[PDB]
$ cat upload18.pdb   # PDB, C-alpha atoms and all ligand atoms
ATOM      1  CA  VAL A   1       0.000   0.000   0.000
ATOM      2  CA  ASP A   2       2.428   2.650   1.238
ATOM      3  CA  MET A   3      -0.410   4.950   0.190
ATOM      4  CA  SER A   4      -0.342   6.594   3.615
ATOM      5  CA  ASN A   5       3.232   7.681   2.917
ATOM      6  CA  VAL A   6       2.261   9.415  -0.323
ATOM      7  CA  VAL A   7       0.630  12.806   0.207
ATOM      8  CA  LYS A   8       0.273  16.096  -1.666
ATOM      9  CA  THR A   9      -1.908  19.177  -1.197
ATOM     10  CA  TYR A  10      -1.433  22.593  -2.823
ATOM     11  CA  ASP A  11      -3.637  25.251  -1.230
ATOM     12  CA  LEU A  12      -5.193  26.786  -4.347
ATOM     13  CA  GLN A  13      -6.402  30.390  -4.315
ATOM     14  CA  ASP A  14      -9.861  29.168  -5.315
ATOM     15  CA  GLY A  15     -10.172  27.707  -1.822
ATOM     16  CA  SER A  16      -9.706  24.287  -3.406
ATOM     17  CA  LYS A  17      -6.562  22.156  -3.358
ATOM     18  CA  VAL A  18      -5.058  19.757  -5.897
ATOM     19  CA  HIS A  19      -3.953  16.272  -4.816
ATOM     20  CA  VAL A  20      -1.458  14.204  -6.829
ATOM     21  CA  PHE A  21      -1.342  10.402  -7.020
ATOM     22  CA  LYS A  22       1.563   7.954  -7.258
ATOM     23  CA  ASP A  23       1.872   8.557 -11.003
ATOM     24  CA  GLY A  24       2.799  12.147 -10.152
ATOM     25  CA  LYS A  25      -0.456  13.032 -11.905
ATOM     26  CA  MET A  26      -2.483  15.817 -10.264
ATOM     27  CA  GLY A  27      -6.054  15.656  -8.961
ATOM     28  CA  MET A  28      -8.507  18.554  -8.955
ATOM     29  CA  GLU A  29     -10.408  17.858  -5.721
ATOM     30  CA  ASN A  30     -12.524  20.753  -4.445
ATOM     31  CA  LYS A  31     -12.673  21.349  -0.691
ATOM     32  CA  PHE A  32     -16.435  20.892  -1.049
ATOM     33  CA  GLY A  33     -15.842  17.161  -0.620
ATOM     34  CA  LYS A  34     -16.323  16.803  -4.381
ATOM     35  CA  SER A  35     -14.318  16.804  -7.625
ATOM     36  CA  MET A  36     -14.026  19.497 -10.307
ATOM     37  CA  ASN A  37     -13.125  18.631 -13.888
ATOM     38  CA  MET A  38     -10.494  21.291 -14.559
ATOM     39  CA  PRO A  39      -9.227  21.321 -18.225
ATOM     40  CA  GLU A  40      -5.517  20.556 -18.537
ATOM     41  CA  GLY A  41      -3.423  23.730 -18.754
ATOM     42  CA  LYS A  42      -5.644  25.706 -16.381
ATOM     43  CA  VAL A  43      -2.713  27.166 -14.473
ATOM     44  CA  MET A  44      -3.423  26.917 -10.734
ATOM     45  CA  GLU A  45      -1.798  29.359  -8.280
ATOM     46  CA  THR A  46      -1.259  28.512  -4.618
ATOM     47  CA  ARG A  47      -1.530  31.043  -1.798
ATOM     48  CA  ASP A  48       2.262  31.119  -1.564
ATOM     49  CA  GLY A  49       2.197  31.977  -5.267
ATOM     50  CA  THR A  50       3.384  28.550  -6.435
ATOM     51  CA  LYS A  51       2.666  28.046 -10.131
ATOM     52  CA  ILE A  52       1.245  24.547 -10.638
ATOM     53  CA  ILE A  53      -0.429  23.472 -13.880
ATOM     54  CA  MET A  54      -3.248  20.933 -13.859
ATOM     55  CA  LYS A  55      -1.100  18.079 -15.154
ATOM     56  CA  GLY A  56      -3.197  15.110 -14.092
ATOM     57  CA  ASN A  57      -6.520  16.265 -15.532
ATOM     58  CA  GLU A  58      -7.576  12.646 -15.082
ATOM     59  CA  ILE A  59      -9.558  13.221 -11.898
ATOM     60  CA  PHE A  60     -11.213   9.862 -12.561
ATOM     61  CA  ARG A  61      -8.484   8.406 -10.345
ATOM     62  CA  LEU A  62     -10.140   9.868  -7.250
ATOM     63  CA  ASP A  63     -13.378   8.068  -8.103
ATOM     64  CA  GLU A  64     -12.459   4.631  -6.767
ATOM     65  CA  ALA A  65      -9.567   2.716  -8.322
ATOM     66  CA  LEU A  66      -8.460  -0.659  -9.689
ATOM     67  CA  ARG A  67      -6.036  -0.955  -6.772
ATOM     68  CA  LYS A  68      -2.749  -1.389  -8.633
ATOM     69  CA  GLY A  69       0.140  -3.441  -7.259
ATOM     70  CA  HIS A  70       1.155  -0.202  -5.538
ATOM     71  CA  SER A  71       4.685  -1.322  -6.397
ATOM     72  CA  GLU A  72       5.471  -3.395  -9.484
ATOM     73  CA  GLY A  73       4.577  -1.945 -12.882
ATOM     74  CA  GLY A  74       4.798   1.630 -11.608
TER      75      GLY A  74
HETATM   76 CU    CU B   1       2.714  -0.802  -1.112
HETATM   77 CU    CU B   2      -6.568  21.974 -11.188
END
$ encode --input "upload18.pdb" --output "structure tokens" --more "lines below"
Ligand SMILES: [Cu+2]
Ligand SMILES: [Cu+]
Amino acid sequence: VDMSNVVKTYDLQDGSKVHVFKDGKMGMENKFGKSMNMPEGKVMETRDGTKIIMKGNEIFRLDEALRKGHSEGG
């Protein structure tokens, strides 16, 4: 699993916060306990002024998962 070890949260200025997965891909998860399909390239700016582009536009990851080997075949 080691999922607990992995963690990422960029405080967006829109009150929301992106969350990346193991594939380094991002995840547009709104603080409203829901997801928001943000189109790739929609530059997101953190409160600290950190420029982060919506790389992983595939938010589908959040919605459940196939539970990969969390190791082999990264
Ligand atoms: Cu593991
Ligand atoms: Cu985003």
$ residues_near_ligand --input "upload18.pdb" --ligand "ligand CU 2 (chain B)" --cutoff "10 Å" --atoms "only C-alpha atoms and all ligand atoms" --output "compact mmCIF listing (two decimals) with C-alpha atoms, in the coordinates of the input"
# COMPACT_ATOMS: atom_id res chain seq x y z
CA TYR A 10 -1.43 22.59 -2.82
CA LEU A 12 -5.19 26.79 -4.35
CA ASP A 14 -9.86 29.17 -5.32
CA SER A 16 -9.71 24.29 -3.41
CA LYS A 17 -6.56 22.16 -3.36
CA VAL A 18 -5.06 19.76 -5.90
CA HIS A 19 -3.95 16.27 -4.82
CA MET A 26 -2.48 15.82 -10.26
CA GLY A 27 -6.05 15.66 -8.96
CA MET A 28 -8.51 18.55 -8.96
CA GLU A 29 -10.41 17.86 -5.72
CA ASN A 30 -12.52 20.75 -4.44
CA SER A 35 -14.32 16.80 -7.62
CA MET A 36 -14.03 19.50 -10.31
CA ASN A 37 -13.12 18.63 -13.89
CA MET A 38 -10.49 21.29 -14.56
CA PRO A 39 -9.23 21.32 -18.23
CA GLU A 40 -5.52 20.56 -18.54
CA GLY A 41 -3.42 23.73 -18.75
CA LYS A 42 -5.64 25.71 -16.38
CA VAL A 43 -2.71 27.17 -14.47
CA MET A 44 -3.42 26.92 -10.73
CA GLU A 45 -1.80 29.36 -8.28
CA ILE A 52 1.25 24.55 -10.64
CA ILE A 53 -0.43 23.47 -13.88
CA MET A 54 -3.25 20.93 -13.86
CA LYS A 55 -1.10 18.08 -15.15
CA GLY A 56 -3.20 15.11 -14.09
CA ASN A 57 -6.52 16.26 -15.53
CA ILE A 59 -9.56 13.22 -11.90
$ closest_atom_pairs --input "upload18.pdb" --of "segment 11-44 of chain A" --to "segment 68-74 of chain A" --cutoff "12 Å" --atoms "only C-alpha atoms" --output "CSV"
residue,atom,partner,partner_atom,distance
A:21,CA,A:70,CA,11.0
A:22,CA,A:74,CA,8.3
A:23,CA,A:74,CA,7.5
A:24,CA,A:74,CA,10.8
$ atom_distance --input "upload18.pdb" --atom1 "atom CA of residue 31 of chain A" --atom2 "atom CA of residue 9 of chain A"
11.0 Å
$ closest_residue --input "upload18.pdb" --among "A:47, A:7, A:62, A:67" --to "ligand CU 1 (chain B)" --atoms "all atoms listed in the file"
A:67
$ atom_distance --input "upload18.pdb" --atom1 "atom CA of residue 50 of chain A" --atom2 "atom CA of residue 25 of chain A"
16.9 Å
$ closest_residue --input "upload18.pdb" --among "A:58, A:34, A:15, A:20" --to "residue 3 of chain A" --atoms "only C-alpha atoms"
A:20
$ axis_aligned_box --input "upload18.pdb" --around "segment 51-67 of chain A" --padding-each-side "5 Å" --output "AutoDock Vina command-line options"
--center_x -5.4 --center_y 13.5 --center_z -11.1 --size_x 26.0 --size_y 39.0 --size_z 18.8
$ atom_distance --input "upload18.pdb" --atom1 "atom CA of residue 6 of chain A" --atom2 "atom CA of residue 65 of chain A"
15.8 Å
$ closest_residue --input "upload18.pdb" --among "A:33, A:8, A:66, A:2" --to "ligand CU 1 (chain B)" --atoms "only C-alpha atoms and all ligand atoms"
A:2
$ closest_residue --input "upload18.pdb" --among "A:4, A:63, A:51, A:32" --to "ligand CU 1 (chain B)" --atoms "all atoms listed in the file"
A:4
$ build_atoms --input "upload18.pdb" --residues "segment 2-19 of chain A" --atoms "N, CA, C and O atoms" --output "CSV table (one decimal), in the coordinates of the input"
chain,number,residue,atom,x,y,z
A,2,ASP,N,1.6,1.5,1.1
A,2,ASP,CA,2.4,2.6,1.2
A,2,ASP,C,1.7,3.9,0.8
A,2,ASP,O,2.3,5.0,0.6
A,3,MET,N,0.4,3.8,0.6
A,3,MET,CA,-0.4,5.0,0.2
A,3,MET,C,-0.4,6.0,1.2
A,3,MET,O,-0.4,7.2,0.9
A,4,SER,N,-0.4,5.6,2.5
A,4,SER,CA,-0.3,6.6,3.6
A,4,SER,C,0.9,7.5,3.5
A,4,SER,O,0.8,8.7,3.8
A,5,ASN,N,2.0,6.9,3.1
A,5,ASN,CA,3.2,7.7,2.9
A,5,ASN,C,3.1,8.8,1.9
A,5,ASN,O,3.5,9.9,2.1
A,6,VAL,N,2.5,8.4,0.7
A,6,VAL,CA,2.3,9.4,-0.3
A,6,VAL,C,1.2,10.5,0.1
A,6,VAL,O,0.2,10.1,0.7
A,7,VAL,N,1.5,11.7,-0.2
A,7,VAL,CA,0.6,12.8,0.2
A,7,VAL,C,1.0,14.1,-0.5
A,7,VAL,O,2.2,14.4,-0.6
A,8,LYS,N,0.0,14.8,-1.0
A,8,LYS,CA,0.3,16.1,-1.7
A,8,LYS,C,-1.0,17.0,-1.6
A,8,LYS,O,-2.1,16.5,-1.9
A,9,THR,N,-0.8,18.2,-1.3
A,9,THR,CA,-1.9,19.2,-1.2
A,9,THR,C,-1.4,20.6,-1.4
A,9,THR,O,-0.8,21.2,-0.5
A,10,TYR,N,-1.8,21.2,-2.5
A,10,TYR,CA,-1.4,22.6,-2.8
A,10,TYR,C,-2.6,23.5,-2.6
A,10,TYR,O,-3.6,23.5,-3.3
A,11,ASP,N,-2.5,24.3,-1.5
A,11,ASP,CA,-3.6,25.3,-1.2
A,11,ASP,C,-3.9,26.2,-2.4
A,11,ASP,O,-3.2,27.3,-2.5
A,12,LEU,N,-4.9,25.9,-3.2
A,12,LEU,CA,-5.2,26.8,-4.3
A,12,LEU,C,-5.8,28.1,-3.8
A,12,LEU,O,-6.3,28.1,-2.7
A,13,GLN,N,-5.8,29.1,-4.7
A,13,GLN,CA,-6.4,30.4,-4.3
A,13,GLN,C,-7.9,30.3,-4.4
A,13,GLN,O,-8.6,31.2,-3.9
A,14,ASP,N,-8.4,29.3,-5.1
A,14,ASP,CA,-9.9,29.2,-5.3
A,14,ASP,C,-10.5,28.4,-4.1
A,14,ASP,O,-11.6,28.0,-4.2
A,15,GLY,N,-9.7,28.4,-3.0
A,15,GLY,CA,-10.2,27.7,-1.8
A,15,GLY,C,-10.0,26.2,-1.9
A,15,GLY,O,-9.9,25.5,-0.9
A,16,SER,N,-9.9,25.7,-3.2
A,16,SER,CA,-9.7,24.3,-3.4
A,16,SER,C,-8.3,23.9,-3.2
A,16,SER,O,-7.4,24.7,-2.7
A,17,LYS,N,-7.9,22.6,-3.5
A,17,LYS,CA,-6.6,22.2,-3.4
A,17,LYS,C,-6.3,20.9,-4.2
A,17,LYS,O,-7.1,19.9,-4.0
A,18,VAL,N,-5.3,20.9,-5.1
A,18,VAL,CA,-5.1,19.8,-5.9
A,18,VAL,C,-4.4,18.7,-5.0
A,18,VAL,O,-3.8,18.9,-4.0
A,19,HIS,N,-4.5,17.4,-5.5
A,19,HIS,CA,-4.0,16.3,-4.8
A,19,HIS,C,-3.4,15.3,-5.9
A,19,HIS,O,-4.1,14.8,-6.7
